[PDB]
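> model this:
(one chain, ligands or ions: 1)
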Amino acid sequence: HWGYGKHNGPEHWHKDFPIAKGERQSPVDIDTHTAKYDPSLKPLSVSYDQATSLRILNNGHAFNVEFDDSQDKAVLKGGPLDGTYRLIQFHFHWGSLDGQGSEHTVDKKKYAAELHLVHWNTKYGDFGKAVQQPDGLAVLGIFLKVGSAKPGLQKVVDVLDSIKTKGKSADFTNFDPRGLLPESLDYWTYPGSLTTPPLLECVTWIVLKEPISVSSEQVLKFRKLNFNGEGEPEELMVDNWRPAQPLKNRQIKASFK
Ligand SMILES: [Zn+2]
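Numbering: from 1, shown residues only. The structure is reproduced below:
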């Protein structure tokens, strides 16, 4: 099955998921000089005050912090978006080394990791229906660099030992995703895809310009996770990122000058 090894990594995915070679695949390189300011964007609205986290799951390719998405509790609106998008989960992609790990790049620069806050358009009723639509999802992407600790990340880091291996979950209530955001909401946006199989072309990407800083120790804890299940050969969950895909007939827009 697909993964991030030599034998089953991104360069193989097209065999089972031909949309891997599609017209609007993600991630992409963000060429900051060619992105264009778009006056027509609306201000981004990130409304996370009423968020209800539920659980954290090691799904074998990342860990997802899952939310109650049965009401409009944690929603994204504005920016390029029409309508209301509900937070369903967030997860990260990260490297084996601090010099790689992000999926998007900025002028070819790779960050140590990238946070994806995944939201679905409430007009489509559930996530599964939303991923079948061209405007089904909105994913807020945030780069991570290594420097100072991120205090709002620590609660995530410290539960990771309980979900070391694929298929493990743990209760994860009362986590506040506001503690993962940078100061600025300036962003780039473009139409793209899921970055994991099934690679569906259903995402409006909103990638923040300002990275967050995490500590060495925090990223090192990400790197102790396992891709494998308990009782299978240990394979560290590292380098779980898809590289940049061709931009094709897309323009990246900026919210800022
Ligand atoms: Zn992701």
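
> for the stretch 151-257 of the chain, which segments count as helices?
Per DSSP state H, counting those that start in this stretch, the stretch 151-257 of the chain has helices spanning 154-159, 216-222. These are given in chain order.

> no wait, the stretch 1-150 of the chain
Assigned by DSSP H, counting those that start in this stretch, the stretch 1-150 of the chain shows helices spanning 127-130.

> output the helices of the stretch 151-257 of the chain as TSV; include the columns distance to residue 69 and mean neighbour count.
Heads up, the C-betas are built off the backbone N, CA and C, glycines and all. Formatted as TSV, the entries for the helices of the stretch 151-257 of the chain read as follows, by distance: least, C-beta to C-beta, whole Å; neighbours: other C-beta atoms under 10 Å:
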stretch	distance to residue 69	mean neighbour count
helix 154-159	19	17
helix 216-222	24	18
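
> quick check: which of the ones you listed is nearest to residue 112?
Each of those was checked against residue 112 via C-beta to C-beta, and the shortest separation belongs to helix 216-222, namely 5.9 Å.

> pull the CA atoms of the closest one into CSV?
C-alpha atoms of helix 216-222 as CSV (Å, rounded to 0.1, in the frame of the first residue of the first chain):
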residue,chain,number,x,y,z
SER,A,216,14.5,20.8,18.8
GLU,A,217,13.1,18.7,21.5
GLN,A,218,9.6,19.0,20.2
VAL,A,219,10.5,17.9,16.6
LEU,A,220,12.6,15.1,18.0
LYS,A,221,9.5,13.8,19.7
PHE,A,222,7.6,13.7,16.4
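
> OK, contacts around residue 75?
Residues counted as contacts of residue 75 (C-beta atoms under 8 Å, 6 or more residues apart in numbering) are 45, 47, 84-87, 119.
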